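This is start38.pdb. It holds PDB, C-alpha atoms (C1' of nucleotides).
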ATOM      1  CA  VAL A 102      80.072 -69.438  83.482
ATOM      2  CA  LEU A 103      78.383 -66.047  82.979
ATOM      3  CA  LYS A 104      77.323 -67.406  79.532
ATOM      4  CA  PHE A 105      73.660 -67.824  80.614
ATOM      5  CA  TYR A 106      72.049 -64.725  79.086
ATOM      6  CA  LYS A 107      70.077 -64.139  75.899
ATOM      7  CA  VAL A 108      73.203 -63.665  73.737
ATOM      8  CA  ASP A 109      72.910 -61.802  70.394
ATOM      9  CA  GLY A 110      75.087 -60.851  67.392
ATOM     10  CA  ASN A 111      75.956 -57.459  65.838
ATOM     11  CA  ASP A 112      76.673 -56.017  68.349
ATOM     12  CA  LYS A 113      74.360 -55.917  71.421
ATOM     13  CA  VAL A 114      74.329 -58.594  74.144
ATOM     14  CA  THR A 115      71.165 -58.425  76.292
ATOM     15  CA  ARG A 116      71.328 -59.567  79.939
ATOM     16  CA  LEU A 117      69.162 -61.601  82.340
ATOM     17  CA  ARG A 118      68.502 -61.426  86.112
ATOM     18  CA  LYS A 119      68.120 -57.694  86.812
ATOM     19  CA  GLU A 120      70.319 -56.566  89.723
ATOM     20  CA  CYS A 121      69.487 -54.321  92.694
ATOM     21  CA  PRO A 122      73.018 -53.665  93.973
ATOM     22  CA  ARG A 123      74.129 -52.659  97.484
ATOM     23  CA  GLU A 124      76.772 -49.934  97.849
ATOM     24  CA  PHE A 131      73.392 -60.980  89.299
ATOM     25  CA  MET A 132      70.383 -62.241  91.268
ATOM     26  CA  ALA A 133      69.253 -65.747  92.228
ATOM     27  CA  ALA A 134      65.701 -66.586  91.098
ATOM     28  CA  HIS A 135      63.683 -69.527  92.475
ATOM     29  CA  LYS A 136      60.304 -67.886  93.221
ATOM     30  CA  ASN A 137      58.979 -64.429  94.286
ATOM     31  CA  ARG A 138      62.182 -62.971  95.817
ATOM     32  CA  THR A 139      65.295 -61.558  94.186
ATOM     33  CA  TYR A 140      68.520 -62.204  96.146
ATOM     34  CA  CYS A 141      72.093 -60.988  95.493
ATOM     35  CA  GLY A 142      75.113 -63.225  96.198
ATOM     36  CA  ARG A 143      77.999 -60.786  96.695
ATOM     37  CA  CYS A 144      76.080 -58.242  98.835
ATOM     38  CA  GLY A 145      77.330 -58.715 102.405
ATOM     39  CA  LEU A 146      74.017 -57.828 104.010
ATOM     40  CA  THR A 147      71.424 -60.177 102.470
ATOM     41  CA  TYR A 148      68.751 -58.510 100.328
ATOM     42  CA  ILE A 149      65.063 -59.442  99.847
ATOM     43  CA  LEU A 150      62.395 -58.029  97.513
ATOM     44  CA  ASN A 151      59.372 -60.214  96.628
ATOM     45  CA  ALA A 152      57.488 -59.922  93.312
TER      46      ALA A 152
ATOM     47  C1'   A B   1      90.391 -75.008  93.542
ATOM     48  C1'   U B   2      88.081 -73.628  98.311
ATOM     49  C1'   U B   3      84.571 -69.808 100.819
ATOM     50  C1'   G B   4      79.982 -66.149 102.629
ATOM     51  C1'   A B   5      74.455 -66.912 102.616
ATOM     52  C1'   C B   6      68.826 -65.122 102.419
ATOM     53  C1'   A B   7      63.416 -67.727 102.815
ATOM     54  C1'   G B   8      61.780 -72.805 103.247
ATOM     55  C1'   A B   9      63.681 -78.120 104.164
ATOM     56  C1'   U B  10      66.178 -80.390 108.366
ATOM     57  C1'   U B  11      67.873 -79.501 113.089
ATOM     58  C1'   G B  12      67.400 -77.755 120.385
ATOM     59  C1'   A B  13      69.846 -74.062 117.298
ATOM     60  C1'   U B  14      68.942 -66.585 113.751
ATOM     61  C1'   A B  15      75.544 -73.577 113.286
ATOM     62  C1'   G B  16      74.409 -72.804 105.049
ATOM     63  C1'   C B  17      76.417 -78.153 109.054
ATOM     64  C1'   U B  18      74.014 -80.979 105.186
ATOM     65  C1'   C B  19      70.586 -79.610 101.690
ATOM     66  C1'   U B  20      65.252 -79.473  96.828
ATOM     67  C1'   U B  21      67.145 -75.284  94.088
ATOM     68  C1'   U B  22      70.874 -70.885  92.255
ATOM     69  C1'   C B  23      73.590 -66.456  93.175
ATOM     70  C1'   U B  24      78.505 -65.707  94.904
ATOM     71  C1'   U B  25      84.214 -66.607  96.472
ATOM     72  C1'   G B  26      88.712 -65.619  93.465
ATOM     73  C1'   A B  27      94.313 -69.460  94.013
ATOM     74  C1'   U B  28      94.594 -67.953 100.707
ATOM     75  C1'   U B  29      93.097 -73.676  99.850
ATOM     76  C1'   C B  30      91.477 -78.275  98.254
ATOM     77  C1'   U B  31      93.310 -84.243  96.556
ATOM     78  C1'   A B  32      96.699 -87.973  97.899
ATOM     79  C1'   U B  33     101.242 -89.689  99.638
ATOM     80  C1'   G B  34     105.273 -88.783 103.201
ATOM     81  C1'   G B  35     105.801 -85.859 107.695
ATOM     82  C1'   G B  36     104.522 -82.742 111.245
ATOM     83  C1'   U B  37     101.112 -80.722 115.061
ATOM     84  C1'   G B  38      98.277 -81.157 119.695
ATOM     85  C1'   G B  39      96.315 -83.279 124.296
ATOM     86  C1'   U B  40      93.987 -82.520 132.046
ATOM     87  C1'   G B  41      95.531 -89.436 126.692
ATOM     88  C1'   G B  42      98.921 -93.707 129.448
ATOM     89  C1'   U B  43     103.720 -94.214 132.420
ATOM     90  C1'   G B  44     105.980 -90.426 138.504
ATOM     91  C1'   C B  45     108.567 -98.402 138.400
ATOM     92  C1'   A B  46     112.094 -93.919 132.282
ATOM     93  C1'   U B  47     113.246 -88.712 134.501
ATOM     94  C1'   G B  48     113.942 -83.044 135.776
ATOM     95  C1'   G B  49     112.221 -79.291 139.237
ATOM     96  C1'   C B  50     109.512 -78.751 143.772
ATOM     97  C1'   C B  51     107.395 -80.422 148.339
ATOM     98  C1'   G B  52     106.641 -83.916 152.389
ATOM     99  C1'   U B  53     108.744 -87.653 155.463
ATOM    100  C1'   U B  54     112.792 -90.320 157.814
ATOM    101  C1'   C B  55     114.254 -85.912 161.737
ATOM    102  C1'   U B  56     113.096 -80.923 165.378
ATOM    103  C1'   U B  57     116.479 -84.650 166.389
ATOM    104  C1'   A B  58     122.059 -83.681 166.600
ATOM    105  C1'   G B  59     124.185 -85.553 163.364
ATOM    106  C1'   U B  60     127.703 -86.292 158.716
ATOM    107  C1'   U B  61     132.354 -86.495 155.541
ATOM    108  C1'   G B  62     137.087 -86.788 153.478
ATOM    109  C1'   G B  63     143.299 -85.215 154.023
ATOM    110  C1'   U B  64     147.901 -87.277 156.299
ATOM    111  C1'   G B  65     149.296 -90.719 160.374
ATOM    112  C1'   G B  66     148.174 -95.306 163.591
ATOM    113  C1'   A B  67     145.515-100.701 163.875
ATOM    114  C1'   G B  68     143.809-104.879 160.493
ATOM    115  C1'   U B  69     145.494-109.984 155.061
ATOM    116  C1'   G B  70     140.590-107.559 154.493
ATOM    117  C1'   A B  71     135.257-105.632 154.832
ATOM    118  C1'   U B  72     136.236-101.760 158.174
ATOM    119  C1'   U B  73     138.121 -98.863 162.004
ATOM    120  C1'   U B  74     140.455 -94.748 164.781
ATOM    121  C1'   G B  75     139.756 -89.297 164.863
ATOM    122  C1'   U B  76     133.790 -88.890 165.875
ATOM    123  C1'   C B  77     136.224 -90.738 173.431
ATOM    124  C1'   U B  78     136.066 -93.214 180.087
ATOM    125  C1'   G B  79     133.984 -88.869 182.750
TER     126        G B  79
END
What is this file in C-alpha coordinates?
Amino acid sequence: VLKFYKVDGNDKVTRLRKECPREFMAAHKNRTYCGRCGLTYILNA
RNA sequence: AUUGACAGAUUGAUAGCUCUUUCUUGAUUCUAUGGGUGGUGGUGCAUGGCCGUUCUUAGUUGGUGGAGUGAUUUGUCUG
(Lines of atoms letter the chains of each structure in order from A and count residues from 1; the text may use other names and numbers.)
(Lines give C-alpha, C1' and ligand atoms only; values in the text may rest on other atoms or scores of the structure.)
Protein backbone atom coordinates (compact mmCIF):
# COMPACT_ATOMS: atom_id res chain seq x y z
CA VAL A 1 0.00 0.00 0.00
CA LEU A 2 3.14 2.15 0.28
CA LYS A 3 4.20 0.55 -3.06
CA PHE A 4 3.51 3.77 -5.04
CA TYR A 5 7.03 5.19 -5.44
CA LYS A 6 9.56 5.08 -8.27
CA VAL A 7 10.97 1.68 -7.23
CA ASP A 8 14.48 0.66 -8.42
CA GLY A 9 16.85 -2.34 -8.25
CA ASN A 10 20.42 -2.70 -6.89
CA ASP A 11 20.02 -1.33 -4.27
CA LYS A 12 18.45 2.17 -3.97
CA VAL A 13 14.69 2.80 -3.75
CA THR A 14 13.80 6.45 -4.51
CA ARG A 15 10.70 7.98 -2.87
CA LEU A 16 7.82 10.26 -3.92
CA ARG A 17 5.76 12.94 -2.10
CA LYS A 18 8.35 14.90 -0.10
CA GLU A 19 7.34 15.27 3.56
CA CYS A 20 7.43 18.34 5.83
CA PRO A 21 6.91 16.62 9.20
CA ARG A 22 5.53 18.10 12.43
CA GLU A 23 7.28 17.26 15.72
CA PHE A 24 3.82 11.20 3.15
CA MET A 25 1.88 14.14 1.69
CA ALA A 26 -1.40 14.32 -0.23
CA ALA A 27 -1.11 16.07 -3.62
CA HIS A 28 -4.12 17.36 -5.60
CA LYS A 29 -2.98 20.88 -6.57
CA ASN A 30 -0.75 23.66 -5.12
CA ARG A 31 -0.75 22.62 -1.42
CA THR A 32 1.10 19.84 0.37
CA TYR A 33 -0.85 18.29 3.29
CA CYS A 34 0.23 15.66 5.85
CA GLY A 35 -2.22 13.01 7.12
CA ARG A 36 -0.80 11.96 10.50
CA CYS A 37 0.11 15.48 11.73
CA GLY A 38 -2.50 16.38 14.36
CA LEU A 39 -2.48 20.08 13.55
CA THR A 40 -3.23 20.36 9.81
CA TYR A 41 -0.41 21.74 7.66
CA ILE A 42 -0.57 23.92 4.51
CA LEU A 43 2.17 25.11 2.13
CA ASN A 44 1.19 26.13 -1.43
CA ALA A 45 3.55 25.79 -4.42
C1' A B 1 -11.28 -4.03 9.76
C1' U B 2 -12.83 0.86 11.67
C1' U B 3 -10.99 6.23 12.70
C1' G B 4 -8.78 11.95 12.55
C1' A B 5 -8.94 15.84 8.55
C1' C B 6 -6.94 20.58 5.64
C1' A B 7 -8.82 23.98 1.05
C1' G B 8 -13.01 23.71 -2.28
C1' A B 9 -17.95 20.97 -3.14
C1' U B 10 -22.47 20.67 -0.22
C1' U B 11 -24.71 22.35 4.04
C1' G B 12 -27.63 27.41 8.78
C1' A B 13 -23.03 25.10 10.43
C1' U B 14 -14.88 26.36 11.50
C1' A B 15 -20.71 18.73 12.09
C1' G B 16 -15.09 15.22 7.01
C1' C B 17 -21.92 14.12 7.97
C1' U B 18 -21.67 12.78 2.79
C1' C B 19 -18.22 13.87 -0.78
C1' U B 20 -14.78 15.20 -6.99
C1' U B 21 -9.96 13.68 -5.25
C1' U B 22 -5.65 11.35 -1.69
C1' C B 23 -2.88 11.35 2.80
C1' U B 24 -3.70 8.88 7.37
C1' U B 25 -5.82 5.15 11.56
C1' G B 26 -3.60 0.42 13.26
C1' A B 27 -7.44 -4.81 15.34
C1' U B 28 -10.25 -0.74 20.10
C1' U B 29 -14.19 -2.06 15.81
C1' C B 30 -16.78 -3.32 11.56
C1' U B 31 -20.68 -7.71 8.84
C1' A B 32 -24.74 -10.78 9.98
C1' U B 33 -27.51 -13.82 13.10
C1' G B 34 -29.23 -14.54 18.23
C1' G B 35 -29.62 -11.40 22.60
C1' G B 36 -29.14 -7.38 25.34
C1' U B 37 -29.53 -1.97 26.29
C1' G B 38 -32.41 2.61 26.88
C1' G B 39 -36.69 5.95 27.19
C1' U B 40 -40.52 12.31 30.49
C1' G B 41 -42.98 5.77 25.01
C1' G B 42 -48.31 3.30 26.70
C1' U B 43 -50.87 1.18 31.29
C1' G B 44 -51.65 4.20 38.13
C1' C B 45 -58.17 -0.55 35.82
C1' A B 46 -51.22 -5.10 36.83
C1' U B 47 -48.48 -2.93 41.43
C1' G B 48 -44.77 -0.79 45.41
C1' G B 49 -43.69 3.74 48.13
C1' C B 50 -45.75 8.51 49.22
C1' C B 51 -49.64 12.10 49.63
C1' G B 52 -54.78 13.74 49.74
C1' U B 53 -59.77 12.60 51.03
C1' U B 54 -63.63 9.95 53.71
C1' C B 55 -62.56 12.57 59.09
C1' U B 56 -60.65 17.20 62.89
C1' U B 57 -64.51 13.95 63.84
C1' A B 58 -64.31 10.20 68.08
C1' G B 59 -64.04 6.14 66.69
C1' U B 60 -62.14 0.62 65.96
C1' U B 61 -60.79 -4.73 67.08
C1' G B 62 -60.17 -9.55 68.84
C1' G B 63 -59.74 -13.38 73.99
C1' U B 64 -63.11 -16.27 77.29
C1' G B 65 -68.40 -16.22 78.84
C1' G B 66 -73.89 -15.14 77.69
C1' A B 67 -78.16 -14.83 73.45
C1' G B 68 -79.34 -16.89 68.33
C1' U B 69 -80.32 -22.96 63.79
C1' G B 70 -77.65 -18.76 61.46
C1' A B 71 -75.88 -13.89 59.12
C1' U B 72 -74.86 -11.42 63.59
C1' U B 73 -74.98 -9.69 68.45
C1' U B 74 -73.54 -8.47 73.60
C1' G B 75 -69.18 -6.03 75.88
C1' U B 76 -68.98 -0.83 72.76
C1' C B 77 -75.15 0.95 77.77
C1' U B 78 -81.09 3.96 80.27
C1' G B 79 -79.04 8.51 82.58
Please report as a Markdown table every residue of chain B lying within 8 Å of chain A, along with the nearest atom pair and their distance in Å (one decimal), using all atoms listed in the file.
| residue | atom | partner | partner_atom | distance |
| --- | --- | --- | --- | --- |
| B:4 | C1' | A:145 | CA | 7.9 |
| B:5 | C1' | A:147 | CA | 7.4 |
| B:6 | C1' | A:147 | CA | 5.6 |
| B:21 | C1' | A:135 | CA | 6.9 |
| B:22 | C1' | A:133 | CA | 5.4 |
| B:23 | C1' | A:133 | CA | 4.5 |
| B:24 | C1' | A:142 | CA | 4.4 |
Size and centre in Å, one decimal, axis-aligned box, all listed stretch 106-113 of chain A atoms plus 8 Å per side, as AutoDock Vina command-line options:
--center_x 73.4 --center_y -60.3 --center_z 72.5 --size_x 22.6 --size_y 24.8 --size_z 29.2
Checklist entry - So which residues get picked by the PyMOL selection byres ((chain A and resi 116) around 6) here, written as a PyMOL selection string? => result chain A and resi 106+115+117
Checklist entry - How many Å separate atom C1' of residue B:30 from atom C1' of residue B:2? => result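 Between these atoms lies a distance of 5.8 Å.
The interatomic distance for the pair atom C1' of residue B:3 and atom CA of residue A:124 works out to 21.6 Å.
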Next on the checklist: To one decimal place in Å, what is the distance between atom CA of residue A:151 and atom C1' of residue B:8?
Outcome noted: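 Distance between the two atoms: 14.4 Å.
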